[PDB]
Amino acid sequence: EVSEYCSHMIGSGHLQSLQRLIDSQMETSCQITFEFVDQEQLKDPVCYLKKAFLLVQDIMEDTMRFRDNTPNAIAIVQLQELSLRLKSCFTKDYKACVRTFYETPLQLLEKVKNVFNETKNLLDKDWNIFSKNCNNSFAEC
Amino acid sequence: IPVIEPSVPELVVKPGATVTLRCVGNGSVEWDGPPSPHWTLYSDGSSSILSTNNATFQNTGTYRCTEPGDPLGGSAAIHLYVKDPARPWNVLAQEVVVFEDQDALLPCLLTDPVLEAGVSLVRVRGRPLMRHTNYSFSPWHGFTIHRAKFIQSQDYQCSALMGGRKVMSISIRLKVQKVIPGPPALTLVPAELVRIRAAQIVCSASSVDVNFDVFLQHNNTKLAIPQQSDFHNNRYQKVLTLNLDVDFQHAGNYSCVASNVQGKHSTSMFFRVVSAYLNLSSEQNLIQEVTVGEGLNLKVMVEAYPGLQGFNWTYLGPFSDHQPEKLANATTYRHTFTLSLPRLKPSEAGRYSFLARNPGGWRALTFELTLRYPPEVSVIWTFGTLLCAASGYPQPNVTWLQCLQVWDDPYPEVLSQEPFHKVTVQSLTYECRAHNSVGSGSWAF
């Protein structure tokens, strides 16, 4: 269903909500375990984001949980609706090729923010970037 | 209401079984149900019969009988389960589309009603239902998600509890759509514009969805303007900003047009190119004649660019120079300036000048206000000849009365014709009456 509206989709307002959510979080040394794409196996910027975008979905449901009707909770919902819209921009075929992490919640938030931010950057340059077959890229894993 | 035999809410059969559904009404009746093979249909006047010799899993579903031509008759229903093994679910559709706040039926038909107590709705890959998912289950129909939300647009699975293990149906994709009322909401400003040979025009459109176009076109040739895009207050914005650091070739009909899956919407404005201007006009004649005691409003229309740096009303009237203040105005490139002159006194006759000034220079419009003249009569005897005068504007007549006799004198031999005075006439007891459009006059000698 991919379209020229793959850009204009990740607004700055989205990134602000993420930043505010990040800024609200208490700086603590505690680490949380989560599944995410390994930068080593995927040096390719375009195929890294492709694999990451899929994983961010599970992260926001499982990890990024907030009290109902709180500003952060609403922000998460919007980011999730955003991700549904970002679907049909990413072409995909057949898991794995990923690694377990053990980082602070703030570091997790920075990863997710980076995923959304860099995806916006690339789509501004060209909205049809993430429609490439990374099956070959997903082989070297 | 029509009657179905067997009188049972549901049936459970094996693949290969023979199923015969019979419906009876007063008038003709007809069956509706799952589009499925091997169905034979027998129908006459009052009854109708569905029947198959090789029942298959595709035959699973609700079969409803209605009597057309009976209005408000109602319907009768029966549900068929064809338990094709191992296989608790007969999914009718792997895709469902609804709008937000609608019920969303996921048509997974349970092949065995006793299983109902141990069924649930889940997502693929074992994930749990989204938070605050309101839903219920009906054996004949499947799971209904109540008041569906965009966030719930997911791939679902129906879970059946059989011998401890949960057995999944094939996936069912749910599409929940935002209710998009119409084309993108436009905001083109300013609605009016006029400059001397800077300006700014911003074309904007906003919808809850991102999938919409917006373009700003000069005349019918669209301009290539990079659009700024942002998401706020749960809405997408797309803004085309035109900056002209201007000339005659830039003037014209800028149309702001946005489209989507709904349709196309358009709004527009006009852009004019003049240097700085200042034009003064009046719907009124500059020469004014009113009767003493009457009210008058002197109105000037001012079309100016840039904004006026000063304006006033001045009495050049000969009568003592009491100056206006009186002056009111309505409408910013257009203005109307009104000098109110209620119950005019005789010292208020004369010249009133309206002046306006801006970077383009200054302009003035001068009104001449004459008050009504009533006929004024002067009769003298000269050498045997009497001589009457009568006076006013407009040009009068004269009624002589010996009071016995009358001579009348409509447009006499003229004494004074000059701009801005009384129109003087000369007529060669003798009551000499004077009448113009203004009034009555007389004198006796």
# chains A, B, ... in the order shown; residues from 1 in each chain; ligands from 1
>>> residues_around(residues="range 246-254 of chain B", least_positions_apart="2", cutoff="8 Å", atoms="only C-alpha atoms", output="PyMOL selection string")
chain B and resi 195-199+216-219+244+256+268-274
>>> residues_around(residues="range 111-117 of chain A", least_positions_apart="5", cutoff="12 Å", atoms="only C-alpha atoms", output="VMD selection string")
chain A and resid 7 9 to 22 34 to 39 45 to 60 63 to 64 76 79 to 80 82 to 83 86 101 103 to 106 122 to 124
>>> atom_distance(atom1="CA of residue 332 in chain B", atom2="CA of residue 190 in chain B")
11.2 Å
>>> closest_atom_pairs(of="chain B", to="chain A", cutoff="6 Å", atoms="only C-alpha atoms", output="JSON lines")
{"residue": "B:151", "atom": "CA", "partner": "A:81", "partner_atom": "CA", "distance": 5.9}
{"residue": "B:211", "atom": "CA", "partner": "A:5", "partner_atom": "CA", "distance": 5.9}
{"residue": "B:229", "atom": "CA", "partner": "A:8", "partner_atom": "CA", "distance": 5.1}
{"residue": "B:230", "atom": "CA", "partner": "A:11", "partner_atom": "CA", "distance": 4.5}
{"residue": "B:231", "atom": "CA", "partner": "A:11", "partner_atom": "CA", "distance": 4.7}
{"residue": "B:232", "atom": "CA", "partner": "A:13", "partner_atom": "CA", "distance": 5.7}
>>> write_last_selection(atoms="N, CA and C atoms", output="short mmCIF file (atom, residue, chain, number, x, y, z; two decimals), in the first residue's frame")
data_model
loop_
_atom_site.label_atom_id
_atom_site.label_comp_id
_atom_site.auth_asym_id
_atom_site.auth_seq_id
_atom_site.Cartn_x
_atom_site.Cartn_y
_atom_site.Cartn_z
N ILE B 151 -6.21 1.41 17.24
CA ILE B 151 -5.11 0.70 17.88
C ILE B 151 -5.30 -0.82 17.84
N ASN B 211 -2.71 10.29 4.87
CA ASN B 211 -2.92 10.07 3.44
C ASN B 211 -3.81 11.13 2.80
N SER B 229 5.61 19.68 7.29
CA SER B 229 4.67 18.68 7.80
C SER B 229 4.90 18.35 9.28
N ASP B 230 3.84 18.42 10.07
CA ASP B 230 3.94 18.15 11.50
C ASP B 230 2.67 17.50 12.05
N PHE B 231 2.82 16.72 13.12
CA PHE B 231 1.71 16.07 13.80
C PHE B 231 1.47 16.66 15.19
N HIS B 232 0.27 17.19 15.42
CA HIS B 232 -0.09 17.81 16.69
C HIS B 232 -1.55 17.57 17.03
#
>>> select_by_dssp(residues="chain A", states="helix (DSSP H, G or I)", output="ChimeraX atom specification")
/A:4-6,12-24,45-62,71-86,105-125,129-131
>>> select_by_dssp(residues="range 154-337 of chain B", states="strand (DSSP E or B)", output="number ranges by chain")
B: 155-162, 165-168, 172-177, 185-186, 189, 192-195, 199-207, 212-218, 221-222, 227-232, 235-244, 252-260, 264-273, 277-281, 287-290, 296-305, 310-315, 327-330, 334-337
>>> atom_distance(atom1="CA of residue 41 in chain A", atom2="CA of residue 119 in chain A")
19.1 Å
>>> closest_residue(among="B:42, B:337, B:381, B:420", to="residue 368 in chain B", atoms="only C-alpha atoms")
B:420
>>> atom_distance(atom1="CA of residue 57 in chain B", atom2="CA of residue 8 in chain B")
19.5 Å
>>> residues_around(residues="residue 326 in chain B", least_positions_apart="4", cutoff="9 Å", atoms="only C-alpha atoms", output="list in words")
residues 338, 339, 340, 341 and 342 of chain B
>>> residues_around(residues="residue 434 in chain B", least_positions_apart="6", cutoff="10 Å", atoms="only C-alpha atoms", output="VMD selection string")
chain B and resid 374 to 377 388 to 392 396 to 400 408 to 410 440 to 443
>>> write_last_selection(atoms="C-alpha atoms", output="compact mmCIF listing (two decimals), in the first residue's frame")
# COMPACT_ATOMS: atom_id res chain seq x y z
CA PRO B 374 -36.52 79.81 0.49
CA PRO B 375 -38.11 82.35 -1.91
CA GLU B 376 -37.38 85.86 -0.74
CA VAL B 377 -39.32 88.70 -2.38
CA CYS B 388 -40.46 92.58 -7.84
CA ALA B 389 -37.55 90.34 -7.06
CA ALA B 390 -37.84 86.79 -5.68
CA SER B 391 -34.92 84.74 -4.39
CA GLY B 392 -33.59 81.24 -3.88
CA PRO B 396 -38.22 80.01 -8.79
CA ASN B 397 -41.43 81.43 -10.16
CA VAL B 398 -43.51 84.46 -8.94
CA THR B 399 -47.26 84.70 -8.00
CA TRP B 400 -48.60 88.27 -8.08
CA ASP B 408 -48.15 84.42 -12.61
CA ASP B 409 -44.48 84.43 -13.58
CA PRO B 410 -42.71 80.94 -13.78
CA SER B 440 -43.79 80.11 -0.51
CA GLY B 441 -42.95 83.85 -0.48
CA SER B 442 -44.91 87.12 -0.84
CA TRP B 443 -44.74 90.97 -0.37
